[PDB]
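Down below is the structure, laid out as structure tokens.
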6 protein chains.
Amino acid sequence: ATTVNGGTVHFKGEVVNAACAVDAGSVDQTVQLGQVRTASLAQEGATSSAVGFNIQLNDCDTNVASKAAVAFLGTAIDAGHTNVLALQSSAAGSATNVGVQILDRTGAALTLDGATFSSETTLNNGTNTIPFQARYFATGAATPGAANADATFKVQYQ
Amino acid sequence: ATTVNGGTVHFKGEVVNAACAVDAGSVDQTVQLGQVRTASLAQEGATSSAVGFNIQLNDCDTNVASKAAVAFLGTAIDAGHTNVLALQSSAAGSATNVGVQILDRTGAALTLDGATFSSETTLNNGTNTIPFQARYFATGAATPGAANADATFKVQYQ
Amino acid sequence: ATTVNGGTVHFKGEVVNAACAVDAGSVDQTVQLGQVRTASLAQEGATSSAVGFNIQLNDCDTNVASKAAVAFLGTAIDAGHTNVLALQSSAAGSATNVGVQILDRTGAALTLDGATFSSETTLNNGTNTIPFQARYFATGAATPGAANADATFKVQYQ
Amino acid sequence: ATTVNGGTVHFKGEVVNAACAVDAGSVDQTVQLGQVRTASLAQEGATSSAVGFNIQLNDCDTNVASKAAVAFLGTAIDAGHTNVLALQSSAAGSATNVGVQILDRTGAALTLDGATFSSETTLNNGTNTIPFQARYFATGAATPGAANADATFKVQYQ
Amino acid sequence: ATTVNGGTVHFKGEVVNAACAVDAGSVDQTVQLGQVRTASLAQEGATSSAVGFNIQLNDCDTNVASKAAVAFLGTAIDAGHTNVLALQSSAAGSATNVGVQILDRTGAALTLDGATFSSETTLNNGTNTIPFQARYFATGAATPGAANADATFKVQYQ
Amino acid sequence: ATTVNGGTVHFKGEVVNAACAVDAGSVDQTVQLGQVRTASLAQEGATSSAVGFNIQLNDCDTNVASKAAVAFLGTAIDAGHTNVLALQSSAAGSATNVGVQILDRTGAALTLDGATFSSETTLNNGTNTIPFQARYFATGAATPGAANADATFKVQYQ
């Protein structure tokens, strides 16, 4: 009877030629680091507590590839800290002298140039979950403010 | 009392003469399908795993209408595949020989002419959510690339 | 003294005109089914072991209504299997030729159209628990993969 | 090495002499109100349900100002309805006898002359968010159609 | 070997100059209130059962501050009901004549203006948990519909 | 069958001989920086917080090129600061003693002569995203006003 205009639906995805496929929940995910105190980030080299996040690989075929690694890409805080991600929320109110570090399963920070891959993880058939950690890294006396950062990752299958 | 120009706000919506009103989160929504492998789309008729998405109807009045169906409208991939969405990302980097299928609650792919409505769903008073699925449909050997599509829908009340 | 921006809280709920109200722990819930072997779903019509889940009704008034029934609404796997839920997780890595069946308190699989309600259960004043079961149903030789599914339910009072 | 013309980037922003700075997300935001039924706007004074939106203030310094208020500027629907936004999308297809009201944190509709400010909110150092609501206001029997509106705002720091 | 595009990760957090830091789970959290009957909200001042939620403070240093209090900020439902939240789901389908009240650990409803703080709770070193309650408050005869509300909070340390 | 003149459609594009093609969403993009306080740009060398923006590359073929770099072109603020974009919106209302800097993924401001390319990023097949940041740079005591700027970019595939 009564027909009414509704709305629109936008579909996002990607076709890849690879052993696995990144899960829909891992392609674009938000990691809540929570609040941190300036007293913790008092001087250069100070780190906060870590927050874990995962990249889940679906439909993995170990015949095609048995190892998977992840390289992250983003804007570094400066030239002397190539593994510290810079904060980019807005033009005002961001924290100063602090950035975000991404750790792979070996506990070491990853270079954010998109070429340095993480430690390879052996894959099984089906679902695979690559663990990662995120934490704040102080490049000096940290200043209060928002600390939001963004990075892209690419997966290597061997 | 320092007064400062702040910005601007744009309001979007629609007044409809219908038994239900589409929810604000369903009028415009993004469905993340995730990555898919070319090995799963190696020949015509090959489909992917489905991703669900809902259209929520608010303030439903069963005295006005008891059923609700949804018809989708979009660009078809071919003349013989009138139920497969074509991809619309950009002029480069898009996947080939693959499209998006919208499944109603019966599991059948809907025609995207804007006139073939879904299987009717009985409505209660108040909130109603109509389920749908999206999956990739291969029209041949799929090529790697971005797979983004979008469609509009209209709701019929009987 | 030192005041700091803390965060945000989101409140979700619903006001209904009904004899009972669904408990906050039953409006949305995750039912863990566990793993299942493909050897137990080797042909069409094969079913797995059942996992139980409950919908709790609070503040029931027997004067207003004495019996409660539940209907479930979700995407069906096929047109010949209108009582089998379709898997819904992501675009890659989900199991094929297998779905999820919801059983009412009589053991019969419920149709997922949202208009065929379960067996009516007599209610008492206050808390009421309506039992349900979920299991995997094979529409053929099932393949390995993720087996997630979602469905919404309606409550009818007489 | 192949050098190719890429494109253009446009940067928008504003320098202010104020205690706070409006966040980049609050400078130009779209508020999706969703659909509304005509039966909910059948006579003058009938309002719809509200949709919330925020204006975020960054880098707030309470030593400069401790309170913040917001005034909105837009085209009113009528002379006697100075707190109802007139709809403006195109020359055809718009709804009639209905507009948009902006409610401050006290729940009162704001006058849209750009001089009547909202209730002041105490500010803390750093990030501050000011809650607002939007709803449809009917000046008569609402007619179906598009219901888009636009309003600019300014922030007063005391 | 084979390298493919993955996805993107968004990190969200905040650096604060405070005695404690709000936990990652408390910065954003959804409180599920469940359903409520209209019969329990039949007149002004009628309240539903409370649902508990708590804000967790981490890395607390009792030398810096010994007590913490919370003030909530949201859109009030009326001028005479400053301690009752207003619903914000969509333009249609929301309940009328009912809001959300946030109760302190002393059982008193908090004023939603961001300046009236809760009762101070003495802090210990390490993890601290501030309990709160949420309930429905009726300003009249409540109407069936969705009841969703949003509130932001700030923490005071002294 | 009533036929009516409808309107006109303009198509903008470019054919390039390169390993990658710039995505339609990044050929002409608007970067909303937000607001900034004059107190944060009080003296020469003071910078604001950064805002991130990306240039997406499509249909990348690593057999043709494996590295990509971006150079930006625009009017500098003066001869001393060749890496600061001058502001341009109109004859009146622009901010004084402040410009816009573009940071590459290494966090270093780029020279705006159209020939100093950014740090090379390793490319994968298909979609590639090169990160960038924008921030305000004070050449003295900044004056309130509009702070819009425009720059073009070119991509070098080596």
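In the structure tokens, chains take letters A, B, ... by order of appearance, with residues numbered from 1 within each chain and ligands from 1 in the order shown.
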Residues of chain B no more than 10 Å from chain F, counting only C-alpha atoms: send them over as a JSON list (two decimals) with N, CA and C atoms, in the first residue's frame.
```json
[["chain", "number", "residue", "atom", "x", "y", "z"],
["B", 5, "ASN", "N", 32.53, 33.57, 17.20],
["B", 5, "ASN", "CA", 31.88, 32.73, 16.20],
["B", 5, "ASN", "C", 32.31, 31.28, 16.38],
["B", 6, "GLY", "N", 31.34, 30.39, 16.56],
["B", 6, "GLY", "CA", 31.65, 29.00, 16.85],
["B", 6, "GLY", "C", 31.68, 28.10, 15.63],
["B", 7, "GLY", "N", 30.61, 28.10, 14.85],
["B", 7, "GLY", "CA", 30.51, 27.18, 13.73],
["B", 7, "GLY", "C", 29.09, 27.11, 13.21],
["B", 89, "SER", "N", 33.54, 2.68, -5.86],
["B", 89, "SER", "CA", 34.55, 3.39, -5.07],
["B", 89, "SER", "C", 35.12, 4.58, -5.84],
["B", 90, "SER", "N", 35.83, 4.32, -6.93],
["B", 90, "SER", "CA", 36.54, 5.37, -7.66],
["B", 90, "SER", "C", 36.88, 4.84, -9.04],
["B", 91, "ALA", "N", 37.59, 5.66, -9.82],
["B", 91, "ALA", "CA", 37.94, 5.29, -11.18],
["B", 91, "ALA", "C", 39.07, 4.27, -11.24],
["B", 92, "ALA", "N", 39.78, 4.04, -10.14],
["B", 92, "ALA", "CA", 40.89, 3.10, -10.13],
["B", 92, "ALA", "C", 40.87, 2.30, -8.83],
["B", 93, "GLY", "N", 41.46, 1.11, -8.90],
["B", 93, "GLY", "CA", 41.65, 0.28, -7.72],
["B", 93, "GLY", "C", 40.45, -0.54, -7.29],
["B", 94, "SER", "N", 39.39, -0.59, -8.08],
["B", 94, "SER", "CA", 38.21, -1.36, -7.73],
["B", 94, "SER", "C", 38.34, -2.80, -8.22],
["B", 95, "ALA", "N", 37.71, -3.71, -7.49],
["B", 95, "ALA", "CA", 37.69, -5.11, -7.88],
["B", 95, "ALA", "C", 36.79, -5.32, -9.09],
["B", 144, "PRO", "N", 41.59, -8.62, -7.38],
["B", 144, "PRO", "CA", 41.75, -7.84, -6.15],
["B", 144, "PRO", "C", 41.47, -6.37, -6.36],
["B", 145, "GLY", "N", 41.00, -5.73, -5.31],
["B", 145, "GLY", "CA", 40.72, -4.30, -5.34],
["B", 145, "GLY", "C", 39.67, -3.96, -4.30],
["B", 146, "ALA", "N", 39.40, -2.66, -4.20],
["B", 146, "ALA", "CA", 38.37, -2.18, -3.29],
["B", 146, "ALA", "C", 37.00, -2.62, -3.77]]
```
Please, which residues of region 38-109 of chain B, numbered as in this document, come out strand (DSSP E or B) from DSSP, as a list in words?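 Restricting region 38-109 of chain B to strand (DSSP E or B) produces residues 47, 51, 52, 53, 54, 55, 56, 57, 58, 59, 60, 67, 68, 69, 70, 71, 72, 73, 76, 85, 94, 98, 99, 100, 101, 102, 103 and 109 of chain B.
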Can those selected residues be exported to a file as a PDB file, in the first residue's frame so that it contains C-alpha atoms?
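The resulting out_6.pdb:
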```
ATOM      1  CA  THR B  47      29.311 -16.169  -3.045  1.00  0.00           C
ATOM      2  CA  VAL B  51      27.373  -9.748   6.913  1.00  0.00           C
ATOM      3  CA  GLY B  52      24.170  -8.645   8.584  1.00  0.00           C
ATOM      4  CA  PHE B  53      22.598  -5.219   8.864  1.00  0.00           C
ATOM      5  CA  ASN B  54      19.254  -4.011  10.176  1.00  0.00           C
ATOM      6  CA  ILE B  55      16.756  -1.309   9.287  1.00  0.00           C
ATOM      7  CA  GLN B  56      15.004  -0.158  12.458  1.00  0.00           C
ATOM      8  CA  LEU B  57      11.449   1.194  12.340  1.00  0.00           C
ATOM      9  CA  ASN B  58      10.321   3.483  15.158  1.00  0.00           C
ATOM     10  CA  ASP B  59       6.905   4.528  16.467  1.00  0.00           C
ATOM     11  CA  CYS B  60       5.217   1.733  14.529  1.00  0.00           C
ATOM     12  CA  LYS B  67       3.288  -5.561   7.541  1.00  0.00           C
ATOM     13  CA  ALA B  68       6.459  -3.900   6.287  1.00  0.00           C
ATOM     14  CA  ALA B  69       8.596  -4.715   3.249  1.00  0.00           C
ATOM     15  CA  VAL B  70      11.770  -3.140   1.876  1.00  0.00           C
ATOM     16  CA  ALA B  71      12.855  -2.679  -1.744  1.00  0.00           C
ATOM     17  CA  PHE B  72      16.429  -1.713  -2.594  1.00  0.00           C
ATOM     18  CA  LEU B  73      17.534   0.393  -5.559  1.00  0.00           C
ATOM     19  CA  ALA B  76      23.208  -3.576 -11.199  1.00  0.00           C
ATOM     20  CA  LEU B  85      25.323  -4.341  -6.786  1.00  0.00           C
ATOM     21  CA  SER B  94      38.212  -1.361  -7.728  1.00  0.00           C
ATOM     22  CA  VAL B  98      32.406  -9.241  -8.217  1.00  0.00           C
ATOM     23  CA  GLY B  99      29.516  -7.373  -6.642  1.00  0.00           C
ATOM     24  CA  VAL B 100      27.338  -7.010  -3.541  1.00  0.00           C
ATOM     25  CA  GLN B 101      24.131  -8.964  -2.931  1.00  0.00           C
ATOM     26  CA  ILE B 102      21.473  -7.904  -0.420  1.00  0.00           C
ATOM     27  CA  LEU B 103      19.600 -10.774   1.232  1.00  0.00           C
ATOM     28  CA  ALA B 109      18.839 -12.013  -3.102  1.00  0.00           C
TER      29      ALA B 109
END
```
Could you tell me how far CA of residue 111 (chain A) lies from CA of residue 75 (chain A), in Å and to one decimal?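 Distance between the two atoms: 10.5 Å.
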